[PDB]
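Asks: Dumping the structure here so I can ask a few things about it.
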Amino acid sequence: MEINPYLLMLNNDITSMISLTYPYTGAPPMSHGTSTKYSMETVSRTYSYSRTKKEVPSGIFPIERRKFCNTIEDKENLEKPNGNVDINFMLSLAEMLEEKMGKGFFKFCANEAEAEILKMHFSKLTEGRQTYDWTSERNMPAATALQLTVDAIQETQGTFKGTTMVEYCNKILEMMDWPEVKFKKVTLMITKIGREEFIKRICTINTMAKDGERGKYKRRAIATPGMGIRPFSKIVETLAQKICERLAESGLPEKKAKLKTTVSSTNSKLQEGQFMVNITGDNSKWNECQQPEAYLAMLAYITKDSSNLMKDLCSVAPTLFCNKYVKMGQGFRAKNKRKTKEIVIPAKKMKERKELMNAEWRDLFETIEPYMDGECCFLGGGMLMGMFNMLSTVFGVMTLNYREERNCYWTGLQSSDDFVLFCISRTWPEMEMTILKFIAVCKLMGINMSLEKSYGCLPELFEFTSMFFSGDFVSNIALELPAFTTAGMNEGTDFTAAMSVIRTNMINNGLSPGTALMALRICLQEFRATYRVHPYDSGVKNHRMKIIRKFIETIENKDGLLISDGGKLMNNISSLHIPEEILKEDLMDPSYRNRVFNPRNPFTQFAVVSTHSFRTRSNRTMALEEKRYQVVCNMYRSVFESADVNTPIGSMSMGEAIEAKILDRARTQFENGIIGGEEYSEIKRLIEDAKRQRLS
Amino acid sequence: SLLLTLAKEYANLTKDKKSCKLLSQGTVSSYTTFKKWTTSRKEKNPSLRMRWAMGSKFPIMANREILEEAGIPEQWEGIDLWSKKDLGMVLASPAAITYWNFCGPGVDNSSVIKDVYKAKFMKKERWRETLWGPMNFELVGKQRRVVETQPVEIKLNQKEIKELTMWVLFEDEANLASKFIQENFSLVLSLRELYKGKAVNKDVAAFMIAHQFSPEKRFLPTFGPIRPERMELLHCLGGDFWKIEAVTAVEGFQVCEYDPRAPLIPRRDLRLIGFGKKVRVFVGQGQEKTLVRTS
Amino acid sequence: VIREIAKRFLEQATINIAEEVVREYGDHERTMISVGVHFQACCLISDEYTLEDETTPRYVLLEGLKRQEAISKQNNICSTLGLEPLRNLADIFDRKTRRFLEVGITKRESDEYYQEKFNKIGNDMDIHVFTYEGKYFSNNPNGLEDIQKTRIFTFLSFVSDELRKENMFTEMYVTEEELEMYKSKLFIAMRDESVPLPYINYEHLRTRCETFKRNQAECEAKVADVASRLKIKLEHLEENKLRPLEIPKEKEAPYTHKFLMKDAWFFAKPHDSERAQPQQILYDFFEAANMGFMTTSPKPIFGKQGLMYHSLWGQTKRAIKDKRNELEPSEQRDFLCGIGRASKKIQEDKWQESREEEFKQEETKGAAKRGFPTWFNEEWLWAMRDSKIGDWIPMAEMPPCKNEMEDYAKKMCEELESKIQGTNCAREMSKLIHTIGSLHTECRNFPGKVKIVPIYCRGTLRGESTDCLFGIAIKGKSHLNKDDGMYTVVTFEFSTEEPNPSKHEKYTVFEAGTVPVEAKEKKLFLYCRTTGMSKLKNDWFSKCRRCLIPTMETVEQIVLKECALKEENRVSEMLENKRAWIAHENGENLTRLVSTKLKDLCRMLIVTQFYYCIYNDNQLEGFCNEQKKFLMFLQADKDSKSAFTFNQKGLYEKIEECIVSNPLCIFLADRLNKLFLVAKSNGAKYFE
């Protein structure tokens, strides 16, 4: 007897029979070796999508430049993706955009975005993902990269007194005007660097392999930039963020009711012969056909009447993208016929060691060589991942508010690379006319729709952001399984945090009640499997159940134990927002309650109730800067006991209010307190000697 | 310490030149990056590393003097609970944690814990005294709203709460005393008589005041009535294809200028050495002036 | 927000007046707030004590006002006394001092601004400079004892604290004494260089962008794009070319699972509470399972390497006989688990060049392709058949229920839990959790040491808690730095069935002996297979218990969809009186399906979720995405909505590209083609 699991789909919808077809339970695929060939295919494929040969030599950079706008060579295979943008066409789409809603649109949104840049501190640059520090030329979090950048500022010339976005970016432009920058290397020797290498290093973007990406056979390379390009991108994301929030045909922040209103609204505006066909579409190669020259052009049109600071200020990050460098990974490997000795050739010696490569590597390499640096590569038309995402959606709305003038048209909804298009027309060859005009406007603007991964029907049966929508019913987002148990901090913060995660997936997603009860008991099971705690009636005999089983006659009311202390579950689905201790302190024994909840414990001393909070041992496998800086942290935190709650205002001096603070509370505790001359005169001598030692 | 040795370690640990290049001549803003600076990059699998920790023999870094003051080195059958390695911090087992939980001393802390977490105990009291009934098994669906989900009786706007705690605990470096603060200054006048003498940590006091008064606004899918008592139970009351509910029911002082040689008298002696004098006031983060009382 | 914070500290109505001044000033943004502060400065100067006897006010306010009536009121106040201007329009006129009244407020120390004003006017006016810091540094005539100075330093410390709230320091700048970017030297040639090709500099581009109007020649380029297109949509009612997939007609894919599911044999004993560590269970089953009768011939039935497995098995047999789990170094473990078998990683410091000796290069191949497996259906049907041993999976307890829907969710957990514990899949998941857990903790606690970790289970037999023993695992001195590392595991397995050179391709089957079986004494085979796990593979296979969530998610969506469409509490009969069409027979397929109950359906759902937890690869992911596309096509067939596709050529190139050697992928492709046969038995979009 044969068997087929899919046969349930012969009599049911797809709103429930689609979580069957997600393999989200096993291990994600991971990368191996280097991420060099992926970047070579990305850059060589991007220049291979340029449809041009017209080059402009550079007098600033020692490498050539190939233009991308208004330089087309119309090949016959136009279904192949192109990388060319017509600028008067998209400016006509901008005037066609603003003529639909309002007149002072970019002026009002530019007054809001201009209104919310000057009141921003530059510490927002530290609240990000992993970045690329250029001091040791590695990947570090943003606090370390901003730390070494500000340290290079106060190390090379002068100090930093900015404390803003604008004076810090003007300080970066001052660093671009500096002829020589001194920073630290290795044990901290201060080396110097010239003017051109600072230019070649600040415009360097690192490429690695995207790890843990579900849904692709071939891996795709992700790129992380440095620090001196991030804040201008933050400015652009504030501007386009307010643009997308002001719009009504974007879904970057509810994503559900907008489809209800456009389906119900545009079905209310049909003729007696007109009808509607929707197409699910997915733009392929989305990150290789968005040249930042069009961002320079449109951001020169959005800011046409804004200011003088903002008009020059939104014209730097696309310029930094038009001359960006691409890292080449870490090289490759070479071995003999016996396959024993294998030398490793980096990206530096790849030019000299060209003759030890495969055919595919040499096909990607001979087509990339005249745009290579000695250690990096040059790109001027790409837009990789980790870049402008709230701004290409505006291009989606500009493609989705076109007027051609019958009375046949379209509307729809855009995402990062998914789009749902709603066409209204009369006949099927006229549907070919309207669809091929949509491919005309997207292809002329530079949005390359995949022809294999797009389809459509007459009513609502479409895909949007992995949410398959029926004619009446709605499927849910496929939830991540390993997001449930990744707390790993404490015997109290692993279960209640799991109740927070199951609570948030219950509110946000559908997440039927018995499924949440089952996942609750599974997470309870892995909690009792992690910390080796069993219920008292269970006959598990290890090094910790011996004490509990020995001392169980001391407890009168047995359900007053904790799950981390040898008790069964009392939390429920109606008790996910309440921790176990608050539910269980009303049934505890008073010797147990006074015994466990002692703050005089040798484990806690040296957002839940902390009674089991211990610290495990660190590993055994930049170490003076953490010592000095945490001396500043524990010192300034020790002076001001309430300072991690409020923002540390006051930038005139730190230690002057410290010295007047120790004089203040020493005199305050002194004058109708201590009263003894050697302590007040002694601490007075320490403050005076520290002030004369410091100020000189 | 008791504020006698902090000037000694302040004097001894400011002998560095780069400390003077940093303090009072560098970046005060970088303290906001000094708080979050450590080399803990991502910890991509923390529960895996905790599972590696619980599989070792003595993973726990615990204090020495308390457990050697009270505890016992080995249990009744070979259970090792100690180490002799190092600073003064001794590795230990969670069997010492549960041995503290069964054979440790007791400290009466009933009113403390039953006064810190009063919001969540009130959640338990309002959950204990509710009542349900039958279900519906009907279709339901409604858009997402912005609802504040806690039955508070003050309803600040997430800005007067930090400013309130600073203007209750330590009013010196606190914030402005603003025009949206005169009624809140009556609230401090009602709350200076509560948070004066406590054995509570200041971070815990800022936690309990920061949570007992704040209506937590969220962007959640709601349905039916939007009364905030039944909004924190939104995960229990409904799903997508089912619905269940059967609930039937004093320093009013002033400063003038900065010039005169004022007597060195702080805010503790601000009332008795108050009126008719030009008495200086040290305001917090560095702004210290001279005071004249204005009627 | 400028306006929201601007309504906090600054007054209500004054926003419109100061904003009205900025409307009469020009394109400037920050100065609004400053002018408002200045206006409230005037509101603290000229409000309550404006020379009440002779009620015509001492402070003639002609600065913050409409720019029509300052000259007229100037000629209405000064027409009696008569004054002289001092090269500037005065802020506030005065008749008690018979002078002007200058108002200016600064952030810095007030020396430099007062010297700049001293260069502008000198001290011939009446200068009033007020500082946020608290410095009354102004002209010599002053206010006598009034509360205007007290309230104005209260107000400047007030608004100064508002500046210290939201970081507003480069925002109170007077235009004469922010809106200019730092014009460098190298960026200005950079911005002009990356302009588009018909443009010279950024200036001409910006002036054209500010003076652009759209034209109707856009449609000439649009239809000019329509002409050179050569693209048509492809319908489905007339050209339904949804052809069956190209399964490779090649060598059959072998049994590729890390362990054995159906071909296993085990030994039982009653489990002890004290004897609980894996070495203790290994020794207790060394006396329980008799290894003295474990005699292996030196000639294998088939395979490649027989002698190293023979001496390795005898060596670990005398190793567990001495009750210590650590193999002494000999050539067998030096050959099997990779010891000294690695590439000499040579950096680029010296190369020791030679005339064509050790000519090194690089070479990649890809993946080998196989054919359709036929042994997989028997393990599917074996996998959903009940075995008499009871519970396998250690699940936790049930919380106490209220009068809520906890009776419903408790009912679903108790029925589904009561059905999933008896299946052989629960035995396999217990095998993976216990064995992969113990090998994981041995991969932590002892790197560099070859250990002997048994392969076992634990289940309830006649109510009494017993344990099993399936195989022997040997660790390969794992030094797991990153998530990879690929440490070698050697597996010696126990089987009670005859081998297969087609299915068991990766094995080196020996013969062990005889097994007594009650119902005579059949045979006993020992299997050998070397393999390699990973750390991330230990993390994801060691936590394979969380497969109940999509299964119970699916079943509970079926039940809640059904009673959501029936609007009545019909659950306990819906869990019994509902059919599910599965398992078409082998000989015929045309409308010949088997309606089963719902509990066997959730059995098969935990089967396919478990097989998804085993075989998770790239080909599975791309194959699952493309089969989501085919399910969308089939759902489009279920209502005859006339779907359409632009290119049906490269779609099968993408599907057949990611079908190489995964047997689950090939199997679900084959069953997908049979699904197209059953959908072709009723609907009209498909082939034979």
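Starting from 1 in every chain, residues are counted up; chains themselves are A, B, ... following the order of the structure tokens, and ligands are numbered from 1 as listed.
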Which neighbours of residue A:136 fall inside 10 Å, counting only C-alpha atoms, when residues of the same chain fewer than 5 positions from it are skipped, and could you give them as an NGL selection string?

Replies: :A and (148 or 184-186)

Asks: Give me a file of those residues, with N, CA, C and O atoms, as a PDB file, in the first residue's frame.

Replies:
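Contents of out_25.pdb, freshly written:
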```
ATOM      1  N   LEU A 148      36.628  53.328  18.838  1.00  0.00           N
ATOM      2  CA  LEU A 148      37.910  53.491  18.168  1.00  0.00           C
ATOM      3  C   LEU A 148      37.895  54.659  17.194  1.00  0.00           C
ATOM      4  O   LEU A 148      38.952  55.238  16.913  1.00  0.00           O
ATOM      5  N   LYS A 184      46.014  53.690  16.684  1.00  0.00           N
ATOM      6  CA  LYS A 184      46.794  52.730  17.451  1.00  0.00           C
ATOM      7  C   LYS A 184      46.756  51.348  16.808  1.00  0.00           C
ATOM      8  O   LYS A 184      45.751  50.945  16.215  1.00  0.00           O
ATOM      9  N   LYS A 185      47.882  50.648  16.910  1.00  0.00           N
ATOM     10  CA  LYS A 185      48.068  49.278  16.451  1.00  0.00           C
ATOM     11  C   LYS A 185      48.916  48.565  17.499  1.00  0.00           C
ATOM     12  O   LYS A 185      49.195  49.108  18.573  1.00  0.00           O
ATOM     13  N   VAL A 186      49.338  47.344  17.185  1.00  0.00           N
ATOM     14  CA  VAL A 186      50.239  46.607  18.065  1.00  0.00           C
ATOM     15  C   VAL A 186      51.567  46.354  17.361  1.00  0.00           C
ATOM     16  O   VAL A 186      51.614  45.712  16.311  1.00  0.00           O
TER      17      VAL A 186
END
```

Asks: As JSON, numbers by chain, please: every residue in stretch 293-341 of chain A that a backbone DSSP assignment puts in helix (DSSP H, G or I).

Replies: {"A": [293, 294, 295, 296, 297, 298, 299, 300, 301, 302, 309, 310, 311, 312, 313, 317, 318, 319, 320, 321]}

Asks: Quick check: residues of chain A within 6 Å of chain B, only C-alpha atoms, returned as a compact mmCIF listing (two decimals) with N, CA, C and O atoms, in the first residue's frame.

Replies:
```txt
# COMPACT_ATOMS: atom_id res chain seq x y z
N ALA A 143 29.53 49.80 19.32
CA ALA A 143 30.12 50.54 20.42
C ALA A 143 31.64 50.52 20.33
O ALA A 143 32.30 51.52 20.64
N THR A 486 16.17 30.53 23.99
CA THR A 486 17.49 31.16 23.84
C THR A 486 17.69 32.23 24.90
O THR A 486 18.27 33.28 24.64
N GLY A 488 18.91 31.44 28.46
CA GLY A 488 20.15 30.92 29.01
C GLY A 488 20.91 31.80 29.98
O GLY A 488 22.09 32.09 29.75
N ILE A 507 -0.16 36.46 21.02
CA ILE A 507 -0.84 37.70 20.67
C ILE A 507 -0.61 38.05 19.21
O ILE A 507 -1.57 38.33 18.47
N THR A 530 17.61 20.88 31.44
CA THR A 530 18.81 21.70 31.45
C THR A 530 19.46 21.72 32.83
O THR A 530 20.67 21.48 32.97
N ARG A 544 21.51 16.14 43.09
CA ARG A 544 20.69 17.21 43.64
C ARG A 544 19.34 16.75 44.16
O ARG A 544 18.82 17.35 45.10
N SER A 574 -3.67 30.83 31.10
CA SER A 574 -4.17 32.03 31.75
C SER A 574 -3.21 32.57 32.81
O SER A 574 -3.59 33.47 33.57
N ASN A 594 11.27 32.42 54.08
CA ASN A 594 12.35 33.18 54.69
C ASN A 594 13.72 32.58 54.39
O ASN A 594 14.72 33.30 54.45
N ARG A 595 13.78 31.30 54.04
CA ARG A 595 15.05 30.65 53.77
C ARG A 595 15.54 30.90 52.34
O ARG A 595 16.73 31.17 52.13
N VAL A 596 14.64 30.84 51.36
CA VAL A 596 15.04 31.01 49.97
C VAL A 596 15.27 32.48 49.64
O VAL A 596 16.25 32.84 48.97
N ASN A 598 16.42 35.05 51.16
CA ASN A 598 17.43 35.82 51.86
C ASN A 598 18.28 36.58 50.84
O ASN A 598 18.88 35.95 49.96
N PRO A 602 25.43 33.92 49.25
CA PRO A 602 26.73 33.98 48.59
C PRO A 602 26.70 33.73 47.09
O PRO A 602 27.77 33.65 46.48
N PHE A 603 25.52 33.64 46.48
CA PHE A 603 25.41 33.42 45.04
C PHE A 603 25.02 34.67 44.27
O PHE A 603 25.56 34.91 43.19
N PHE A 606 28.57 39.33 45.63
CA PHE A 606 29.93 39.03 45.20
C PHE A 606 30.95 39.53 46.22
O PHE A 606 30.61 40.30 47.12
N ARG A 615 26.15 33.44 38.68
CA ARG A 615 27.00 33.69 37.52
C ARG A 615 27.92 32.50 37.30
O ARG A 615 28.67 32.10 38.20
N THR A 616 27.87 31.93 36.10
CA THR A 616 28.77 30.84 35.75
C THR A 616 30.17 31.36 35.46
O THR A 616 30.40 32.56 35.30
N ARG A 617 31.12 30.43 35.39
CA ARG A 617 32.51 30.78 35.13
C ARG A 617 32.72 31.12 33.66
O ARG A 617 32.05 30.59 32.77
N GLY A 650 24.85 67.21 31.64
CA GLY A 650 25.98 68.01 32.09
C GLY A 650 27.26 67.59 31.41
O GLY A 650 27.74 66.48 31.63
N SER A 651 27.82 68.47 30.58
CA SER A 651 29.03 68.16 29.83
C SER A 651 30.12 69.20 30.05
O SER A 651 31.08 69.27 29.28
N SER A 653 32.14 69.39 32.82
CA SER A 653 33.20 68.60 33.42
C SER A 653 32.55 67.45 34.15
O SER A 653 31.39 67.54 34.57
N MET A 654 33.30 66.36 34.31
CA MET A 654 32.82 65.25 35.13
C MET A 654 33.38 65.33 36.54
O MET A 654 32.62 65.36 37.52
N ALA A 657 32.23 68.11 39.40
CA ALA A 657 31.06 67.76 40.19
C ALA A 657 31.30 66.52 41.04
O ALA A 657 30.55 66.28 41.99
N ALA A 690 44.32 65.61 44.69
CA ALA A 690 43.85 65.06 43.42
C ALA A 690 43.56 66.16 42.41
O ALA A 690 43.75 65.96 41.21
```

Asks: Need to verify the contact set: residue C:600, 12 Å, only C-alpha atoms, exclusion of same-chain residues closer than 4 positions in sequence. Can you return it as a list in words?

Replies: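 Residues near the query, excluding close chain neighbours: residues 5 of chain A; 381, 383, 384, 385, 386, 415, 416, 419, 420, 422, 423, 551, 555, 575, 576, 578, 579, 580, 581, 582, 583, 594, 595, 596, 604, 605, 606 and 607 of chain C.
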
Asks: Kindly provide, as a PyMOL selection string, the residues of chain B having any atom no farther than 9 Å from an atom of chain C, counting only C-alpha atoms.

Replies: chain B and resi 48+51-52+55-56+131-139+175-180+240-242+244+254-258+287+289+294

Asks: Would you output that residue set with N, CA, C and O atoms, as a tab-separated table (two decimals), in the first residue's frame?

Replies:
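Output file out36.tsv is given in full below:
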```tsv
chain	number	residue	atom	x	y	z
B	48	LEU	N	22.74	26.49	25.07
B	48	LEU	CA	23.75	25.48	24.80
B	48	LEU	C	24.94	25.64	25.74
B	48	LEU	O	25.46	24.65	26.27
B	51	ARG	N	23.94	24.57	29.10
B	51	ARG	CA	23.94	23.12	29.18
B	51	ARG	C	25.36	22.57	29.31
B	51	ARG	O	25.58	21.58	30.01
B	52	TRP	N	26.34	23.23	28.68
B	52	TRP	CA	27.74	22.90	28.93
B	52	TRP	C	28.17	23.27	30.34
B	52	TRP	O	29.06	22.63	30.90
B	55	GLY	N	26.82	20.66	32.93
B	55	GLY	CA	27.48	19.38	32.81
B	55	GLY	C	28.85	19.29	33.43
B	55	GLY	O	29.39	18.19	33.57
B	56	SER	N	29.43	20.43	33.82
B	56	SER	CA	30.72	20.44	34.49
B	56	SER	C	30.50	20.20	35.99
B	56	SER	O	29.38	19.94	36.44
B	131	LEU	N	-14.15	35.56	36.78
B	131	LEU	CA	-15.02	34.43	36.52
B	131	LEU	C	-15.32	34.34	35.03
B	131	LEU	O	-15.52	35.36	34.36
B	132	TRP	N	-15.34	33.11	34.52
B	132	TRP	CA	-15.56	32.82	33.11
B	132	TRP	C	-16.87	32.05	32.93
B	132	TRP	O	-17.67	31.92	33.86
B	133	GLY	N	-17.08	31.55	31.72
B	133	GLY	CA	-18.27	30.80	31.40
B	133	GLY	C	-18.14	30.00	30.12
B	133	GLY	O	-17.12	29.36	29.86
B	134	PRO	N	-19.19	30.00	29.31
B	134	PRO	CA	-19.18	29.22	28.07
B	134	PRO	C	-18.34	29.90	26.99
B	134	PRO	O	-17.92	31.05	27.12
B	135	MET	N	-18.12	29.16	25.91
B	135	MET	CA	-17.39	29.66	24.75
B	135	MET	C	-18.37	29.93	23.62
B	135	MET	O	-19.58	29.75	23.75
B	136	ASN	N	-17.84	30.38	22.49
B	136	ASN	CA	-18.67	30.75	21.35
B	136	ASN	C	-18.40	29.94	20.10
B	136	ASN	O	-19.36	29.55	19.42
B	137	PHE	N	-17.12	29.69	19.78
B	137	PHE	CA	-16.68	29.00	18.56
B	137	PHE	C	-17.23	29.69	17.30
B	137	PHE	O	-17.89	29.08	16.46
B	138	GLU	N	-16.94	30.98	17.19
B	138	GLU	CA	-17.41	31.80	16.09
B	138	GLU	C	-16.24	32.54	15.47
B	138	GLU	O	-15.15	32.63	16.05
B	139	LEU	N	-16.47	33.06	14.27
B	139	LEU	CA	-15.44	33.84	13.59
B	139	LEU	C	-15.31	35.21	14.22
B	139	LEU	O	-16.30	35.81	14.66
B	175	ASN	N	16.37	66.51	37.07
B	175	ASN	CA	15.86	67.02	35.80
B	175	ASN	C	15.37	68.43	36.09
B	175	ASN	O	15.63	68.98	37.17
B	176	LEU	N	14.67	69.03	35.13
B	176	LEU	CA	13.89	70.23	35.38
B	176	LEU	C	12.77	69.96	36.37
B	176	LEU	O	12.23	68.86	36.45
B	177	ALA	N	12.42	70.98	37.15
B	177	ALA	CA	11.12	71.07	37.79
B	177	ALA	C	10.23	71.91	36.88
B	177	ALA	O	10.26	73.14	36.93
B	178	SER	N	9.43	71.25	36.03
B	178	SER	CA	8.85	71.88	34.86
B	178	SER	C	7.46	72.47	35.15
B	178	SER	O	6.98	72.49	36.28
B	179	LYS	N	6.81	72.97	34.09
B	179	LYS	CA	5.43	73.43	34.18
B	179	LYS	C	4.43	72.28	34.21
B	179	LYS	O	3.30	72.46	34.67
B	180	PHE	N	4.82	71.09	33.73
B	180	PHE	CA	4.03	69.88	33.91
B	180	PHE	C	4.40	69.14	35.19
B	180	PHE	O	4.26	67.91	35.27
B	240	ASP	N	-8.51	33.25	17.37
B	240	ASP	CA	-9.01	33.61	16.05
B	240	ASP	C	-10.33	32.94	15.71
B	240	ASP	O	-11.15	33.55	15.01
B	241	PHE	N	-10.56	31.72	16.17
B	241	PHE	CA	-11.76	30.96	15.83
B	241	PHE	C	-12.60	30.64	17.06
B	241	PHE	O	-13.49	29.78	16.98
B	242	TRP	N	-12.33	31.29	18.19
B	242	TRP	CA	-12.98	30.97	19.45
B	242	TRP	C	-12.99	32.21	20.32
B	242	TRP	O	-12.09	33.06	20.23
B	244	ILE	N	-14.24	33.48	24.47
B	244	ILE	CA	-14.77	33.13	25.78
B	244	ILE	C	-14.71	34.35	26.69
B	244	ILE	O	-13.64	34.94	26.89
B	254	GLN	N	14.60	79.59	46.02
B	254	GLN	CA	14.99	80.25	44.79
B	254	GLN	C	16.48	80.57	44.86
B	254	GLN	O	17.07	80.63	45.94
B	255	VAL	N	17.08	80.74	43.68
B	255	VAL	CA	18.45	81.20	43.55
B	255	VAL	C	18.43	82.46	42.69
B	255	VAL	O	17.50	82.69	41.91
B	256	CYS	N	19.46	83.29	42.84
B	256	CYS	CA	19.50	84.56	42.14
B	256	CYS	C	20.67	84.67	41.17
B	256	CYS	O	20.44	84.89	39.97
B	257	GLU	N	21.90	84.50	41.63
B	257	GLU	CA	23.09	84.80	40.83
B	257	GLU	C	24.20	83.85	41.26
B	257	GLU	O	23.96	82.86	41.95
B	258	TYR	N	25.44	84.17	40.85
B	258	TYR	CA	26.60	83.33	41.14
B	258	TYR	C	27.73	84.06	41.86
B	258	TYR	O	28.73	83.42	42.20
B	287	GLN	N	25.91	72.33	38.10
B	287	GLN	CA	25.32	73.66	38.08
B	287	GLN	C	25.05	74.11	39.51
B	287	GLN	O	24.03	73.76	40.11
B	289	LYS	N	24.85	77.41	42.14
B	289	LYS	CA	24.67	78.86	42.18
B	289	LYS	C	24.58	79.37	43.62
B	289	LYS	O	24.83	78.62	44.57
B	294	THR	N	12.89	83.77	47.48
B	294	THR	CA	11.93	84.69	46.87
B	294	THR	C	10.54	84.32	47.35
B	294	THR	O	10.12	83.16	47.24
```

Asks: What lies within 7 Å of residue A:567 using only C-alpha atoms, ignoring chain neighbours under 6 positions off, as a PyMOL selection string?

Replies: chain A and resi 535+559+561

Asks: Using the selection just defined, write its residues with N, CA and C atoms as a PDB file, in the first residue's frame.

Replies:
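What follows is the written file part.pdb:
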```pdb
ATOM      1  N   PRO A 535      10.610  16.404  39.740  1.00  0.00           N
ATOM      2  CA  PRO A 535       9.621  16.397  40.820  1.00  0.00           C
ATOM      3  C   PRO A 535       9.951  15.346  41.865  1.00  0.00           C
ATOM      4  N   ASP A 559       3.156  21.580  47.537  1.00  0.00           N
ATOM      5  CA  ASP A 559       3.049  22.357  46.310  1.00  0.00           C
ATOM      6  C   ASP A 559       3.663  23.746  46.426  1.00  0.00           C
ATOM      7  N   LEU A 561       6.810  24.220  46.608  1.00  0.00           N
ATOM      8  CA  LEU A 561       8.127  24.145  46.002  1.00  0.00           C
ATOM      9  C   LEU A 561       8.116  24.840  44.645  1.00  0.00           C
TER      10      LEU A 561
END
```

Asks: Contacts of residue A:171 at 12 Å or less, counting only C-alpha atoms, minus same-chain residues fewer than 5 places along, as a JSON list (two decimals) with C-alpha atoms, in the first residue's frame?

Replies:
```json
[["chain", "number", "residue", "atom", "x", "y", "z"],
["A", 149, "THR", "CA", 36.64, 56.17, 15.78],
["A", 150, "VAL", "CA", 36.20, 58.80, 18.52],
["A", 152, "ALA", "CA", 41.09, 58.24, 16.57],
["A", 153, "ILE", "CA", 39.50, 61.71, 16.54],
["A", 154, "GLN", "CA", 40.86, 62.71, 19.94],
["A", 157, "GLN", "CA", 44.01, 66.24, 16.23],
["A", 158, "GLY", "CA", 42.20, 68.01, 19.04],
["A", 159, "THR", "CA", 39.34, 66.71, 21.16],
["A", 160, "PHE", "CA", 35.65, 66.05, 20.49],
["A", 161, "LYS", "CA", 33.07, 68.58, 21.69],
["A", 162, "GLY", "CA", 30.31, 67.76, 19.21],
["A", 163, "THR", "CA", 27.72, 65.61, 21.07],
["A", 164, "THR", "CA", 25.44, 65.89, 18.00],
["A", 165, "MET", "CA", 24.90, 64.25, 14.65],
["A", 166, "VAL", "CA", 25.80, 67.32, 12.61],
["A", 176, "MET", "CA", 38.50, 63.82, 5.12],
["A", 177, "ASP", "CA", 40.24, 67.20, 4.93],
["A", 178, "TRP", "CA", 42.99, 65.96, 7.22],
["A", 228, "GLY", "CA", 31.47, 56.66, 8.80],
["C", 181, "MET", "CA", 27.35, 72.05, 5.77],
["C", 182, "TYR", "CA", 31.14, 71.89, 6.18],
["C", 183, "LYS", "CA", 32.23, 72.38, 2.57],
["C", 184, "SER", "CA", 35.41, 70.31, 2.29]]
```

Asks: Can you list every residue in stretch 80-195 of chain B that DSSP puts in strand (DSSP E), as a PyMOL selection string?

Replies: chain B and resi 90-92+144-148

Asks: When distances are computed from only C-alpha atoms, which of C:626, C:145, C:94, C:331 shows the smallest separation from chain A?

Replies: C:626

Asks: Please provide as a PyMOL selection string all residues within 8 Å of residue A:411, with the sequence filter that same-chain residues fewer than 3 positions apart are discarded (counting only C-alpha atoms).

Replies: chain A and resi 400-401+421-423

Asks: Would you mind exporting the chosen residues as a compact mmCIF listing (two decimals), in the first residue's frame, restricted to C-alpha atoms?

Replies:
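Output file part_14.txt is given in full below:
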```
# COMPACT_ATOMS: atom_id res chain seq x y z
CA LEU A 400 2.40 51.55 -8.44
CA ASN A 401 0.90 55.03 -9.03
CA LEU A 421 -0.55 43.78 -8.24
CA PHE A 422 -4.27 44.39 -8.87
CA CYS A 423 -5.18 44.90 -12.53
```
